[PDB]
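Report on the structure given below.
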Amino acid sequence: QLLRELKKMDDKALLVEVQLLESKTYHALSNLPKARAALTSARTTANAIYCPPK
Amino acid sequence: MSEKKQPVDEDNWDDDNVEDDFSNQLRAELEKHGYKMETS
Amino acid sequence: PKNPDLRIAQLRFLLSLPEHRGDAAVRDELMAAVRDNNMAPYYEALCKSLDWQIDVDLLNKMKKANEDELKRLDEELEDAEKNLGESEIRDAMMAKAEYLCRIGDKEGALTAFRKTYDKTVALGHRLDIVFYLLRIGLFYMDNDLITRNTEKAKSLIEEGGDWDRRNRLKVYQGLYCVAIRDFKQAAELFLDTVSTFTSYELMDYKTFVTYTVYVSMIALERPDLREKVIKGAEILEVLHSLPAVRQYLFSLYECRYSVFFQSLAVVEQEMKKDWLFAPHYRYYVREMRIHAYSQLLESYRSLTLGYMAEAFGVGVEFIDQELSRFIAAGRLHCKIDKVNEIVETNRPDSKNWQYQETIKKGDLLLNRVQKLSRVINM
């Protein structure tokens, strides 16, 4: 349901604010390539945002 | 040329091999090996 | 249009192993026979299980629903004989006619098989027919029709390449294999578990995962075993659902002595409850055993059966006849002993046992052509 809302809107950091949590949970179930894809989404996300949160 | 004395006188067909171990033997298999836990 | 009455075919398998009861027959017999115009799931069960007190208000109201369905067939194909399109009769009536095969007997042959097989060139309708010979080879538990649908489907295997449904052909060819003692091609063709996500002939995809792991735990040597069932990436979650399945694999790969049999009791409970698998409950269990003893007995050479029975549970005379049948059955070569009690193992077939099959075939098949060689003169 989070993918239904965020990837259409503008707040790109708020996407990875839960996508990185999904990158945690695909390690928690040990889904290795999908966690790699989530980390890659985080890396291609974070080059548009300065650092307003940590 | 075929006769000369004789006219007077997948399924389980491959499973028959280990079924020869299933019919004379091991029909109550885990009814004893499953009871090895508590018989002794 | 497949899975409800396929589940009633699983209810025919529920009629199979509990035989002494006639109540678990009749309860979901009536539940499957009051739903969705199904004359045959109580007609063959009228031929097998308990008969009927009456059927007038009970099930002749459903033969009246069959009459209503039939009179709207007489509406529909007479309304489609005027239309001249994509064989409107045979298409809009193969729908209701595969539904008729769901209602009644194998007259679905004449009104489905050739009724869409004499028109189309696309494999979708013919493959629905293949899937329906599969479901009726689950109804009658065929040997015929689940080979005849392969005989029909290989008429369009010769040109193909399709994403899910041809992998489902692979799945049901493997189910045909391991419906009898044919074991490795089933696992090898199931092994691409990705693209079989959900289609409306599947049951629980998780149970598809359980079936492919039950068939792939054997016919898979230890490097391939660890790489598939251990290093398998997406398999780990769909076996993280069921604990006892992952427990089964890690108890087998753990190679203990008693958790072998604890694990084996779990898969003993599991193996029966399985349609066109439960009449094959025995060679799978001792197949697990022969894989376990084979991976455990080549490594030692100063082995005592006291060292076995100290950790298997009890084996002081309990594994005696077991291992004796296993050795003298033709396989699992070691030596069982008198109270000297030293179990002695054998070669890896690197040198000695290899030297036979050459003359074993140059006798037999080359002797057949010796016969044909002696067909010269007379």
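Order determines the names: the first chain of the structure tokens is A, the second B, and so forth; residues in each chain are numbered 1 upward, and ligands are numbered 1 upward as they are shown.
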
Enumerate, in order of chain and increasing residue number, the residues of segment 167-248 of chain C with an atom no farther than 10 Å from segment 14-24 of chain B, each with its shortest atom pair and distance in Å to one decimal, counting only C-alpha atoms, as a tab-separated table.
residue	atom	partner	partner_atom	distance
C:180	CA	B:15	CA	8.0
C:181	CA	B:15	CA	6.9
C:182	CA	B:15	CA	9.9

Just need the residues of chain A within 12 Å of chain C, counting only C-alpha atoms, so spit them out as a ChimeraX atom specification. /A:25-35

Could you give me, as a tab-separated table, a per-residue list for chain B showing, wherever an atom lies at most 8 Å from an atom of chain C, the closest pair of atoms and their distance in Å to one decimal, using only C-alpha atoms and sorting by chain then residue number from low to high?
residue	atom	partner	partner_atom	distance
B:10	CA	C:180	CA	6.3
B:11	CA	C:180	CA	7.1
B:12	CA	C:180	CA	7.7
B:15	CA	C:181	CA	6.9
B:18	CA	C:283	CA	7.4
B:22	CA	C:282	CA	7.7
B:30	CA	C:268	CA	7.7
B:33	CA	C:318	CA	7.7
B:34	CA	C:265	CA	6.7
B:36	CA	C:314	CA	6.2
B:37	CA	C:313	CA	6.5
B:40	CA	C:314	CA	6.5

Go ahead and write the residues just picked, N, CA, C and O atoms, as a short mmCIF file (atom, residue, chain, number, x, y, z; two decimals), in the first residue's frame.
data_model
loop_
_atom_site.label_atom_id
_atom_site.label_comp_id
_atom_site.auth_asym_id
_atom_site.auth_seq_id
_atom_site.Cartn_x
_atom_site.Cartn_y
_atom_site.Cartn_z
N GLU B 10 2.75 -44.42 -16.08
CA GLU B 10 3.30 -45.77 -16.00
C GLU B 10 2.55 -46.54 -14.91
O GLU B 10 2.04 -45.95 -13.97
N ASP B 11 2.45 -47.85 -15.07
CA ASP B 11 1.66 -48.67 -14.17
C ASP B 11 2.53 -49.15 -13.01
O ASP B 11 3.59 -48.60 -12.72
N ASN B 12 2.06 -50.18 -12.32
CA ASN B 12 2.83 -50.82 -11.26
C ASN B 12 3.70 -51.97 -11.78
O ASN B 12 4.31 -52.67 -10.97
N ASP B 15 6.87 -50.89 -10.84
CA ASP B 15 6.91 -50.75 -9.39
C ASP B 15 7.02 -52.11 -8.69
O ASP B 15 7.30 -52.15 -7.49
N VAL B 18 10.43 -52.98 -6.23
CA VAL B 18 10.42 -52.69 -4.80
C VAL B 18 9.09 -53.10 -4.18
O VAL B 18 8.98 -53.20 -2.95
N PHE B 22 7.60 -54.67 -0.81
CA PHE B 22 6.43 -54.11 -0.15
C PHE B 22 5.39 -55.16 0.20
O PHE B 22 4.55 -54.91 1.07
N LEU B 30 6.09 -47.73 9.63
CA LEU B 30 6.13 -46.69 10.64
C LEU B 30 5.08 -46.89 11.72
O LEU B 30 4.84 -45.99 12.52
N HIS B 33 8.42 -48.65 13.47
CA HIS B 33 9.54 -47.72 13.49
C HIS B 33 9.09 -46.35 13.96
O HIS B 33 9.87 -45.61 14.57
N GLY B 34 7.83 -46.00 13.72
CA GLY B 34 7.27 -44.82 14.35
C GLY B 34 7.01 -45.00 15.82
O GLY B 34 6.84 -44.01 16.54
N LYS B 36 9.18 -46.82 17.74
CA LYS B 36 10.48 -46.92 18.40
C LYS B 36 10.75 -45.78 19.37
O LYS B 36 11.69 -45.89 20.16
N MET B 37 9.98 -44.70 19.31
CA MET B 37 10.15 -43.59 20.24
C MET B 37 9.76 -44.01 21.65
O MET B 37 10.45 -43.68 22.62
N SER B 40 10.75 -48.34 23.43
CA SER B 40 11.96 -48.31 24.24
C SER B 40 12.77 -47.07 23.87
O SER B 40 13.72 -46.70 24.56
#
